[PDB]
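*Asks:* One structure coming up, written as structure tokens, with questions to follow.
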Amino acid sequence: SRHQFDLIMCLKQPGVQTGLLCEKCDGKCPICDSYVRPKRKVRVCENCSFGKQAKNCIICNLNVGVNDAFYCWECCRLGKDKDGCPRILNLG
Amino acid sequence: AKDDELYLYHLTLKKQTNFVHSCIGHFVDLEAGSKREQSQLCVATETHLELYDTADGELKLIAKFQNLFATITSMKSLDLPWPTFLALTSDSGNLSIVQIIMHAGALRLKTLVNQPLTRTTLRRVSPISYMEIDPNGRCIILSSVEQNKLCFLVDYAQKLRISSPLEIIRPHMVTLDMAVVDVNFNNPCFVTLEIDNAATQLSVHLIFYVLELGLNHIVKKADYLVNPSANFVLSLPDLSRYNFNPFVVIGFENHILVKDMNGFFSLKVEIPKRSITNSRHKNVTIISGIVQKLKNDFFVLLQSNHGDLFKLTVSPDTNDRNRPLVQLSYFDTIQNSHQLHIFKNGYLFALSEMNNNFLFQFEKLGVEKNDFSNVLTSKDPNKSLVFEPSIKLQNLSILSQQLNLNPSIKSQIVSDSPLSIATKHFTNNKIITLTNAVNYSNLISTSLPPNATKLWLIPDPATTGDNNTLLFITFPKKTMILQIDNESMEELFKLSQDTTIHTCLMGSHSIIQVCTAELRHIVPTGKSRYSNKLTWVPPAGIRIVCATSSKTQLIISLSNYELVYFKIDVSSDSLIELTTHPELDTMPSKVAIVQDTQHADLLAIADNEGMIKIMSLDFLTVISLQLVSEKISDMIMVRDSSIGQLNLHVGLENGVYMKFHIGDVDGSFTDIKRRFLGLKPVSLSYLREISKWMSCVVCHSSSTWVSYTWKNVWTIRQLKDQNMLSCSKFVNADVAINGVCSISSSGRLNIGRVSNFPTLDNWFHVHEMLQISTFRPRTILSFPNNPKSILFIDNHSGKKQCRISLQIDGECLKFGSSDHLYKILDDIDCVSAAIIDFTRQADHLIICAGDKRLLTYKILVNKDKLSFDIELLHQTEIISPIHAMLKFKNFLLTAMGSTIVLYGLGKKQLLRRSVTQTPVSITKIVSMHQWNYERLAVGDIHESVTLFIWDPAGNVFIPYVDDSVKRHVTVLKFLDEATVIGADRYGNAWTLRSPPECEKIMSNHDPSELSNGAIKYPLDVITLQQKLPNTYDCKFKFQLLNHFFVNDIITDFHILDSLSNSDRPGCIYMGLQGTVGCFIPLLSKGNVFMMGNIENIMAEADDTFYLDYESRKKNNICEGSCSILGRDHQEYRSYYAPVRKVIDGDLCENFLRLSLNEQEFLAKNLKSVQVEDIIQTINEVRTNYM
Amino acid sequence: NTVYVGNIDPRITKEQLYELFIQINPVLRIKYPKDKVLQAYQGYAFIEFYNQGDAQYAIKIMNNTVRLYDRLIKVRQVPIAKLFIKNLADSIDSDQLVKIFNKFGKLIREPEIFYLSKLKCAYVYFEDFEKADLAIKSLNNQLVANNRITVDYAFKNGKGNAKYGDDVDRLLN
Amino acid sequence: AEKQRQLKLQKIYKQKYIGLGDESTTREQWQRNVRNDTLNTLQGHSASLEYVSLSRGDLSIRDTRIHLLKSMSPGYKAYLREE
Amino acid sequence: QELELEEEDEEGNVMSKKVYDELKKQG
RNA sequence: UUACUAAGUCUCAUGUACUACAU
RNA sequence: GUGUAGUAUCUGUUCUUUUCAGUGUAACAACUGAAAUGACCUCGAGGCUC
């Protein structure tokens, strides 16, 4: 993540699925963790969804998220939107 | 201090014509309640997109879709087990599957799912540029030129569903020519040619892939190494009758192969060759293969680089065994075509990457497989067949052609006022003048006696239900009357001794003629006779100022005091007058009323003071006032049929034209729409056309302006004819639609037909068996002294050869007394050419041969023997190729590779007058341009523009400014002294400006002191010289002024002081891939403030729709909905370098097509004016600025 | 190009110098030092003009002209053969050395008499490596004033190398 | 830890986007990336592809495209030499 | 650490500036 | 008229802030 | 107004095996290995010295 360093990402070709984030993490752009003017919903590779792990918050990787994560307009222009599958594999 | 900050308004007038992609699906069902037919095609060029249908055997524009603002790098239709909607891949990596839908009253393109892939740019890793879809539509596959390949498994449901991508990644294998093999539902299988990126030797190896629906991944199957010479792959559908084992056709250069999946069968069949094999002869190749199967007969069509179209069928070879054979033959060929399709109908659509897309229906279908003579077999793989091409065109029959200029190399701007663009045709080699003016035919004109004024046309009441129609002319002293019938135009009571202010038909079979001194009420009697039932005269006598009328209704205004109101009695023919005084309180200028209906409310009255009033027809009342400029020259009131809006078209003296929305009930004057056209008091007239029926008003001035209103839009326009004195709609039994009778300003009657109208989509008309010219055009030239005389220079593909074809005025010229209209130059090839006049009375032509020789010529115009006579003068050897040259004062200003030579005129050969050695940075000079002989801007291949100044008595050009960054400049011009236009090889359109620190120095100093002598530079400049000698060597730098990205490659810029008399001088450019667009400097500020706000709206508008659609889902449409593609505007248009001051109007134009709900949804983000005034400002640019 | 200026009051500042000399010619640069031991101005500056024409002009017109803080302003414009000779006689005067070596070559400077070990030695500066070779050839190991003197190149290790003839030839040129 | 992550992201970005100069990259390795991307864009834009087609004067445009594709591999020079 | 001044015989298109000035002093 | 550059490492002391942790 | 552990930053101070070779460095630095003893000459420098 932008702040916590040891957090590792996925970075695969995103699928049709949309990543979920919990109400606790709601509002953060999964890359920069910004609250401003979100744009496009996150898309994750199928390898990050499958079973129960699909329900996890793509940000904090623990809680079960209801909400969809959106990229901000700064990351959508920086292109990090399309970089790959954001997810946090290690808890940190 | 005034901020320079040039604000340019980009418009695409004509949209990119080189069609790179096509798809065969059936998208929309239109005009038919229930119909399903596979015959239709959608074709895409990068940004621009079009949808054509045939169904008639003749191709048809359906709708030109909104600009996508991206680079479409592949497009393929998909058919799933339904309306067939096309899968579209572009930059941003997004796989965007779009369905063409009918929304509101037009066809709009809706997006279903866009899947993010790679990043936003044109990349090698980007899984685009190679795309194909399973012929059964089960899965779509994208790949990359190098790195990786992704294949989605497409599924349909109540909502479309794209399965997760299936990845295969081969690091060093560069992919080329994706070709997918059809299947029986067994398993999807695609085929590629992988060339290794990192290797010691060149190795091109085909590879097969079978995607396994069971295991859900792509599987490498057979890797077959073939010679490095490989070109392409095509898919052989089955071979089910002969002996899952797919077979592919690998086009090599000089021969063809076909290969098995299991490698059992590899068949080599040598591709035949032409008889002539003119000059340079490549091993050739086949560019495009295609497959077709019917009635157990499947043949494929593969075309060579020469355009030779071939077929293959498979034979079992019953003697040996049942095994495939491969049989080539010969067809009608064609010009080189990028891609080929075939309808379920026998129509074969040939999409040419060269110039024009054209459709066929094949009948002969080609030679039978039985003939051993002309057909080659797989029996003996080593063999050769020579064949002479056939221009007789037996096999294929052209049905429809699509006029397009894909490779527009150069152009000149002819007839500056009607923006006419003179440019060659690449293949056909015909002169193409594409014009902004309305296309106007002229037929059977007749010379009228001199000194004519106005014109009218009224149906002849004498013959009811007959073609006879009375045409009325006017002279100041006399009035002429004429009779009209089909092919019969004849001449004939009434009043011939006085001018006719007005004349019109009343009710049925009655006429009234209003003249200055008195009126006439005329009725038909018999055939050639007419009788006045009543005549009107002022009580004490007066000169009538003006007259207007309706169908059953009439108004005349005398000198000053009162106005006169007439009606006709129903059930009979009579005239009545009211007893009342409409004093009007002033002298009435001119009167206007709707003549379209029998009863027209709200008379429009004008005053000599320059004000306009409305008259309610309770009864009369003045509800509105207009104080406008100069006295009204003429005015007309017209209510259109479609929307029912009543528009008051008010022409003014000095050439200002105006238009007004008129409320029916209130009669208020709102929605002022003005214009300035020519210098002359304008005239107006009313006509009715189609293109749904339609009505326009012709405007007579120094130019001729048809003002017509399309749906929710209107554009005033110049007409192709120079001038028209008076104009009125005409009809003849000889087929007449849009037909018109008019008169030129010379006082000569003429008949004409208007054809094409400059809509938002077209904005032009293009004035131009199989036809291919061996000569491919090179450049285009025009004489400085003659305002427009355009000389063309072409080349030969073959032994080096040239031709020169000069045209002035209507059509070309003869050469001497010879029949030929062109000149042939043997052994002369032209790398670059320019015409020069060394003396004012002599005209020379300049060729630069690839032999590195400078050739001088002399042009002659025979003048009433008129012909062009070219004469070879001198011969001069040149060190460089001379990529760029131009006219300096009295001299030729040419650029060597390194250095700039200025040649004078010597005899027996031309001399070097001066030479200027370039700064070390400049390797070559692509193009260069001058400012008033004092200054130059010199371009490079690698580096950017550098400006020079000519110093007399120093006999040298001194560079005074560098450029900031490296830019590859194809074409370059001057707007001004201090600023420069330039384009890029890569598509950037930029404009640079010298800094004021430099402008002060050069304005305050003489050039002679720059090279040597005392010029005092601020401390910073010198410190930049010793600190950074490489960049600041030229001691100044261009601050970026305007930057823009047009995905085309700009061939020609031209700076026009006015576009169709418009005040703001524009710069118009033609691109190579073909396009013409403009940059309009915006006066004031709030122009660019409102434009900037509208562009900002439309930029994220797709995101605004997505956030609204998101919120409504929170309380209870993808992200790229409104843009249809993932590319942001600022991102796409920024691209190479960020747009600086240029606001892109091509975006704001898309706001016009959106539905009222969407538009009003977007404009709420502004505290500023309403959607209606938005559309006003948007449509203001094409009207007023050009 | 560059001119030295001196006898400047530390109260004279940079803008004051600039405004002063722009009256004379255009000033390309001004280096006006600022002491890191007194935190002020050390009272002399350097003004680099755009050429030695304006430089020399300002030297002529400016020198002994402007009076700043009652103090006058001053303006001023801003490799040879060496032979060591040992065992000289005490009766050998430097001028006598000059006379002895003039016949062989022109002297760029005067000889330098010094005592080693008691041992009278001298350095003789010739304008030419070849004339130095002449004084060496004739005067090496010779008896003057009834004393044997040794003439060779002085150390820098000693002069007379191969690059030394090459570059000394050029400095002669 | 942070730099150590930058190493892994160096491996991933290098894998996706192919050539990315890390610290020490040979001029042969990097210039190859230059040539590959330049040719990539010349053939990638139908625009510049149409342009190079005419300026080169080839009989067909796909000859220029597949030429650039072939020109991406180093051995293609010797391949032309062997024709 | 090539200019051509066009002599009168029309062979001086190879002739240098300074050379043709010398033939001005000679003429 | 002086044409503009000095501290570093170690050692053993002084100057001053700070971070977890406990009453 | 305290104690436990620990950190950073000044400043003072001072120059570590004379050399060679390797690593290392942008060059340094730093690190890694070994070790001359004796005689003579001129003004710490120097030796086709033995």
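Each chain in the structure tokens gets a letter, A, B and so on, in the order shown; residues start at 1 in every chain, and ligands are counted from 1 in the order they appear.
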Can I get the residues of chain B within 9 Å of chain C, each with the closest pair of atoms and their distance in Å to one decimal, using only C-alpha atoms, sorted chain first then ascending number, as a tab-separated table?

*Replies:*
```
residue	atom	partner	partner_atom	distance
B:1014	CA	C:50	CA	8.0
B:1015	CA	C:50	CA	8.9
B:1016	CA	C:26	CA	7.4
B:1017	CA	C:28	CA	8.1
B:1018	CA	C:28	CA	7.4
B:1019	CA	C:28	CA	6.0
B:1022	CA	C:28	CA	8.8
```

*Asks:* Provide as a JSON list (two decimals) with C-alpha atoms, in the first residue's frame the residues of chain B at most 8 Å from chain E, counting only C-alpha atoms.

*Replies:*
```json
[["chain", "number", "residue", "atom", "x", "y", "z"],
["B", 906, "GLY", "CA", 22.22, 32.09, -63.84],
["B", 907, "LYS", "CA", 22.19, 31.17, -67.52],
["B", 908, "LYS", "CA", 23.08, 27.73, -68.93],
["B", 909, "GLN", "CA", 22.50, 26.69, -65.28],
["B", 910, "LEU", "CA", 21.48, 28.21, -61.95],
["B", 911, "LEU", "CA", 24.02, 29.54, -59.46],
["B", 912, "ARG", "CA", 24.59, 29.46, -55.72],
["B", 913, "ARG", "CA", 24.02, 33.00, -54.50],
["B", 914, "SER", "CA", 24.61, 32.21, -50.82],
["B", 915, "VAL", "CA", 25.05, 29.22, -48.52]]
```

*Asks:* As a count of residues only, please: every residue in segment 918-965 of chain B that DSSP puts in strand (DSSP E or B).

*Replies:* 20

*Asks:* Write down, as a list in words, each residue of chain G that has any atom within 12 Å of an atom of chain C, counting only C-alpha atoms (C1' of nucleotides).

*Replies:*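 Every residue meeting the condition is included here: residues 42, 43, 45 and 46 of chain G.
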
*Asks:* How would the residues just chosen look if you wrote them out with N, CA and C atoms (P, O5', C5', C4', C3', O3' and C1' of nucleotides) as a PDB file, in the first residue's frame?

*Replies:*
```pdb
ATOM      1  P     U G  42      77.944  13.878  -0.553  1.00  0.00           P
ATOM      2  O5'   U G  42      76.822  14.671  -1.359  1.00  0.00           O
ATOM      3  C5'   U G  42      77.171  15.521  -2.467  1.00  0.00           C
ATOM      4  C4'   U G  42      75.930  16.130  -3.073  1.00  0.00           C
ATOM      5  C3'   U G  42      75.101  17.002  -2.142  1.00  0.00           C
ATOM      6  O3'   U G  42      75.563  18.347  -2.164  1.00  0.00           O
ATOM      7  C1'   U G  42      73.692  15.433  -3.211  1.00  0.00           C
ATOM      8  P     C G  43      75.258  19.318  -0.931  1.00  0.00           P
ATOM      9  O5'   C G  43      73.716  19.669  -1.124  1.00  0.00           O
ATOM     10  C5'   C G  43      73.286  20.541  -2.187  1.00  0.00           C
ATOM     11  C4'   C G  43      71.777  20.595  -2.242  1.00  0.00           C
ATOM     12  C3'   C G  43      71.090  21.102  -0.981  1.00  0.00           C
ATOM     13  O3'   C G  43      70.964  22.519  -1.016  1.00  0.00           O
ATOM     14  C1'   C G  43      70.085  19.072  -1.667  1.00  0.00           C
ATOM     15  P     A G  45      58.735  13.122   1.321  1.00  0.00           P
ATOM     16  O5'   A G  45      59.396  13.441  -0.093  1.00  0.00           O
ATOM     17  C5'   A G  45      60.700  12.931  -0.430  1.00  0.00           C
ATOM     18  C4'   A G  45      61.218  13.606  -1.677  1.00  0.00           C
ATOM     19  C3'   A G  45      61.990  12.705  -2.641  1.00  0.00           C
ATOM     20  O3'   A G  45      61.124  12.169  -3.634  1.00  0.00           O
ATOM     21  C1'   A G  45      63.326  14.564  -2.064  1.00  0.00           C
ATOM     22  P     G G  46      61.251  10.631  -4.059  1.00  0.00           P
ATOM     23  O5'   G G  46      62.587  10.598  -4.922  1.00  0.00           O
ATOM     24  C5'   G G  46      62.675  11.321  -6.140  1.00  0.00           C
ATOM     25  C4'   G G  46      64.106  11.505  -6.576  1.00  0.00           C
ATOM     26  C3'   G G  46      64.898  10.238  -6.839  1.00  0.00           C
ATOM     27  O3'   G G  46      64.602   9.636  -8.085  1.00  0.00           O
ATOM     28  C1'   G G  46      66.203  11.718  -5.555  1.00  0.00           C
TER      29        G G  46
END
```

*Asks:* Need the shell around residue 116 of chain B: protein/DNA/RNA residues with any atom at most 10 Å away, counting only C-alpha atoms (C1' of nucleotides). Skip same-chain ones fewer than 5 positions apart. Format as a PDB file with N, CA, C and O atoms, in the first residue's frame?

*Replies:*
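This is the output file out24.pdb:
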```
ATOM      1  N   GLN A  13      -3.937  -9.557 -14.594  1.00  0.00           N
ATOM      2  CA  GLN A  13      -4.911  -8.935 -15.480  1.00  0.00           C
ATOM      3  C   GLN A  13      -6.290  -9.003 -14.842  1.00  0.00           C
ATOM      4  O   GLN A  13      -6.799 -10.105 -14.608  1.00  0.00           O
ATOM      5  N   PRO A  14      -6.916  -7.871 -14.529  1.00  0.00           N
ATOM      6  CA  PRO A  14      -8.190  -7.905 -13.806  1.00  0.00           C
ATOM      7  C   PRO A  14      -9.281  -8.566 -14.631  1.00  0.00           C
ATOM      8  O   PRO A  14      -9.328  -8.436 -15.856  1.00  0.00           O
ATOM      9  N   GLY A  15     -10.161  -9.281 -13.948  1.00  0.00           N
ATOM     10  CA  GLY A  15     -11.313  -9.904 -14.563  1.00  0.00           C
ATOM     11  C   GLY A  15     -12.531  -9.009 -14.531  1.00  0.00           C
ATOM     12  O   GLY A  15     -12.443  -7.808 -14.260  1.00  0.00           O
ATOM     13  N   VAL A  16     -13.693  -9.603 -14.815  1.00  0.00           N
ATOM     14  CA  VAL A  16     -14.955  -8.877 -14.787  1.00  0.00           C
ATOM     15  C   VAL A  16     -15.410  -8.571 -13.368  1.00  0.00           C
ATOM     16  O   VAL A  16     -16.132  -7.589 -13.153  1.00  0.00           O
ATOM     17  N   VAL A  42     -12.977  -1.084  -8.852  1.00  0.00           N
ATOM     18  CA  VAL A  42     -11.840  -1.986  -8.948  1.00  0.00           C
ATOM     19  C   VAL A  42     -12.290  -3.286  -9.584  1.00  0.00           C
ATOM     20  O   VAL A  42     -13.437  -3.721  -9.419  1.00  0.00           O
ATOM     21  N   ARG A  43     -11.390  -3.908 -10.331  1.00  0.00           N
ATOM     22  CA  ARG A  43     -11.619  -5.235 -10.875  1.00  0.00           C
ATOM     23  C   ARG A  43     -10.436  -6.111 -10.510  1.00  0.00           C
ATOM     24  O   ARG A  43      -9.283  -5.686 -10.634  1.00  0.00           O
ATOM     25  N   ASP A  81      -4.895   2.664 -12.071  1.00  0.00           N
ATOM     26  CA  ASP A  81      -6.175   1.991 -12.254  1.00  0.00           C
ATOM     27  C   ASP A  81      -6.004   0.704 -13.047  1.00  0.00           C
ATOM     28  O   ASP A  81      -6.492  -0.356 -12.643  1.00  0.00           O
ATOM     29  N   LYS A  82      -5.301   0.778 -14.172  1.00  0.00           N
ATOM     30  CA  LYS A  82      -5.203  -0.365 -15.062  1.00  0.00           C
ATOM     31  C   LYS A  82      -3.964  -1.206 -14.809  1.00  0.00           C
ATOM     32  O   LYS A  82      -3.728  -2.162 -15.553  1.00  0.00           O
ATOM     33  N   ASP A  83      -3.176  -0.873 -13.783  1.00  0.00           N
ATOM     34  CA  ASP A  83      -1.926  -1.581 -13.533  1.00  0.00           C
ATOM     35  C   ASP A  83      -2.150  -3.081 -13.424  1.00  0.00           C
ATOM     36  O   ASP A  83      -1.456  -3.872 -14.074  1.00  0.00           O
ATOM     37  N   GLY A  84      -3.117  -3.493 -12.619  1.00  0.00           N
ATOM     38  CA  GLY A  84      -3.349  -4.905 -12.416  1.00  0.00           C
ATOM     39  C   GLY A  84      -4.382  -5.122 -11.340  1.00  0.00           C
ATOM     40  O   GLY A  84      -5.197  -4.244 -11.061  1.00  0.00           O
TER      41      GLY A  84
ATOM     42  N   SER B  92      -6.323   2.251 -24.264  1.00  0.00           N
ATOM     43  CA  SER B  92      -6.753   2.043 -22.879  1.00  0.00           C
ATOM     44  C   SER B  92      -6.803   0.564 -22.546  1.00  0.00           C
ATOM     45  O   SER B  92      -7.036   0.215 -21.389  1.00  0.00           O
ATOM     46  N   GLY B  93      -6.620  -0.316 -23.522  1.00  0.00           N
ATOM     47  CA  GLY B  93      -6.574  -1.732 -23.245  1.00  0.00           C
ATOM     48  C   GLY B  93      -7.958  -2.307 -23.066  1.00  0.00           C
ATOM     49  O   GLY B  93      -8.152  -3.522 -23.152  1.00  0.00           O
ATOM     50  N   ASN B  94      -8.931  -1.433 -22.839  1.00  0.00           N
ATOM     51  CA  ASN B  94     -10.305  -1.829 -22.584  1.00  0.00           C
ATOM     52  C   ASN B  94     -10.815  -2.642 -23.756  1.00  0.00           C
ATOM     53  O   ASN B  94     -10.705  -2.223 -24.913  1.00  0.00           O
ATOM     54  N   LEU B  95     -11.377  -3.804 -23.457  1.00  0.00           N
ATOM     55  CA  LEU B  95     -12.149  -4.558 -24.431  1.00  0.00           C
ATOM     56  C   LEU B  95     -13.584  -4.080 -24.288  1.00  0.00           C
ATOM     57  O   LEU B  95     -14.250  -4.382 -23.296  1.00  0.00           O
ATOM     58  N   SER B  96     -14.059  -3.349 -25.286  1.00  0.00           N
ATOM     59  CA  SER B  96     -15.347  -2.674 -25.215  1.00  0.00           C
ATOM     60  C   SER B  96     -16.282  -3.334 -26.212  1.00  0.00           C
ATOM     61  O   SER B  96     -16.141  -3.139 -27.421  1.00  0.00           O
ATOM     62  N   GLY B1126     -12.904   3.697 -22.944  1.00  0.00           N
ATOM     63  CA  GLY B1126     -12.344   4.081 -21.662  1.00  0.00           C
ATOM     64  C   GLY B1126     -11.520   5.347 -21.685  1.00  0.00           C
ATOM     65  O   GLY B1126     -11.316   5.956 -20.630  1.00  0.00           O
TER      66      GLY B1126
END
```

*Asks:* Using only C-alpha atoms, which residues of chain D come within 8 Å of chain A, and what is the closest atom pair for each, with the distance in Å to one decimal? Give it as CSV, sorted by chain and residue number.

*Replies:*
```
residue,atom,partner,partner_atom,distance
D:1,CA,A:6,CA,6.4
D:2,CA,A:5,CA,5.5
D:5,CA,A:6,CA,7.1
D:12,CA,A:11,CA,7.9
```

*Asks:* Would you save the residues of that selection, restricted to N, CA, C and O atoms, as a PDB file, in the first residue's frame?

*Replies:*
```pdb
ATOM      1  N   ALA D   1      13.027  -3.490   3.565  1.00  0.00           N
ATOM      2  CA  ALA D   1      11.616  -3.837   3.435  1.00  0.00           C
ATOM      3  C   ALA D   1      10.975  -3.093   2.270  1.00  0.00           C
ATOM      4  O   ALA D   1      10.428  -3.706   1.354  1.00  0.00           O
ATOM      5  N   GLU D   2      11.041  -1.761   2.315  1.00  0.00           N
ATOM      6  CA  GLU D   2      10.478  -0.953   1.239  1.00  0.00           C
ATOM      7  C   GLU D   2      11.250  -1.158  -0.060  1.00  0.00           C
ATOM      8  O   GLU D   2      10.666  -1.507  -1.095  1.00  0.00           O
ATOM      9  N   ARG D   5      10.583  -4.464  -1.435  1.00  0.00           N
ATOM     10  CA  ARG D   5       9.370  -4.510  -2.243  1.00  0.00           C
ATOM     11  C   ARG D   5       9.621  -3.923  -3.623  1.00  0.00           C
ATOM     12  O   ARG D   5       9.127  -4.451  -4.626  1.00  0.00           O
ATOM     13  N   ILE D  12       8.040  -7.586 -11.414  1.00  0.00           N
ATOM     14  CA  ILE D  12       6.711  -7.666 -12.007  1.00  0.00           C
ATOM     15  C   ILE D  12       6.575  -6.689 -13.168  1.00  0.00           C
ATOM     16  O   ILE D  12       6.142  -7.068 -14.262  1.00  0.00           O
TER      17      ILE D  12
END
```

*Asks:* Report the residues of segment 2-75 of chain A whose backbone DSSP state falls under helix (DSSP H, G or I), written as a PyMOL selection string.

*Replies:* chain A and resi 46-48+52-55+73-75

*Asks:* Write the residues you've just listed into a file as a PDB file, in the first residue's frame, and include N, CA, C and O atoms for each of them.

*Replies:*
```
ATOM      1  N   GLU A  46      -9.712 -13.451 -11.342  1.00  0.00           N
ATOM      2  CA  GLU A  46     -10.511 -14.532 -10.776  1.00  0.00           C
ATOM      3  C   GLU A  46      -9.749 -15.259  -9.676  1.00  0.00           C
ATOM      4  O   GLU A  46     -10.351 -15.809  -8.747  1.00  0.00           O
ATOM      5  N   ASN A  47      -8.417 -15.250  -9.751  1.00  0.00           N
ATOM      6  CA  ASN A  47      -7.615 -15.956  -8.759  1.00  0.00           C
ATOM      7  C   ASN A  47      -7.745 -15.326  -7.382  1.00  0.00           C
ATOM      8  O   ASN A  47      -7.380 -15.944  -6.375  1.00  0.00           O
ATOM      9  N   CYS A  48      -8.231 -14.087  -7.311  1.00  0.00           N
ATOM     10  CA  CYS A  48      -8.400 -13.453  -6.007  1.00  0.00           C
ATOM     11  C   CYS A  48      -9.832 -13.560  -5.502  1.00  0.00           C
ATOM     12  O   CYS A  48     -10.152 -13.052  -4.422  1.00  0.00           O
ATOM     13  N   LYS A  52     -14.654 -18.026  -0.181  1.00  0.00           N
ATOM     14  CA  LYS A  52     -14.844 -17.042   0.884  1.00  0.00           C
ATOM     15  C   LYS A  52     -13.915 -15.839   0.745  1.00  0.00           C
ATOM     16  O   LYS A  52     -14.307 -14.709   1.055  1.00  0.00           O
ATOM     17  N   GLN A  53     -12.678 -16.062   0.293  1.00  0.00           N
ATOM     18  CA  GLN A  53     -11.733 -14.959   0.152  1.00  0.00           C
ATOM     19  C   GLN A  53     -12.252 -13.846  -0.751  1.00  0.00           C
ATOM     20  O   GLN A  53     -11.740 -12.724  -0.682  1.00  0.00           O
ATOM     21  N   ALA A  54     -13.247 -14.124  -1.595  1.00  0.00           N
ATOM     22  CA  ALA A  54     -13.815 -13.078  -2.442  1.00  0.00           C
ATOM     23  C   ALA A  54     -14.525 -12.018  -1.610  1.00  0.00           C
ATOM     24  O   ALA A  54     -14.596 -10.848  -1.999  1.00  0.00           O
ATOM     25  N   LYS A  55     -15.058 -12.415  -0.457  1.00  0.00           N
ATOM     26  CA  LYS A  55     -15.862 -11.496   0.337  1.00  0.00           C
ATOM     27  C   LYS A  55     -14.987 -10.547   1.145  1.00  0.00           C
ATOM     28  O   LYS A  55     -15.475  -9.552   1.693  1.00  0.00           O
ATOM     29  N   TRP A  73      -9.525   9.783  -9.169  1.00  0.00           N
ATOM     30  CA  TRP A  73      -9.263  10.396 -10.464  1.00  0.00           C
ATOM     31  C   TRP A  73      -7.784  10.677 -10.653  1.00  0.00           C
ATOM     32  O   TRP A  73      -7.324  10.898 -11.780  1.00  0.00           O
ATOM     33  N   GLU A  74      -7.024  10.686  -9.564  1.00  0.00           N
ATOM     34  CA  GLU A  74      -5.584  10.846  -9.694  1.00  0.00           C
ATOM     35  C   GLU A  74      -4.925   9.532 -10.089  1.00  0.00           C
ATOM     36  O   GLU A  74      -3.998   9.518 -10.905  1.00  0.00           O
ATOM     37  N   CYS A  75      -5.399   8.413  -9.540  1.00  0.00           N
ATOM     38  CA  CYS A  75      -4.866   7.123  -9.963  1.00  0.00           C
ATOM     39  C   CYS A  75      -5.386   6.726 -11.335  1.00  0.00           C
ATOM     40  O   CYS A  75      -4.686   6.044 -12.093  1.00  0.00           O
TER      41      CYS A  75
END
```

*Asks:* Kindly give the distance, in Å, that separates atom CA of residue 216 of chain B and atom CA of residue 86 of chain A, rounded to a single decimal.

*Replies:*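 Rounded to one decimal, the two atoms are 23.1 Å apart.
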
*Asks:* Just the residues within 12 Å of residue 34 of chain D, please, counting only C-alpha atoms (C1' of nucleotides), with nothing from its chain fewer than 4 positions along; format it as number ranges by chain.

*Replies:* B: 124; D: 18-21, 27-30, 38-41, 72
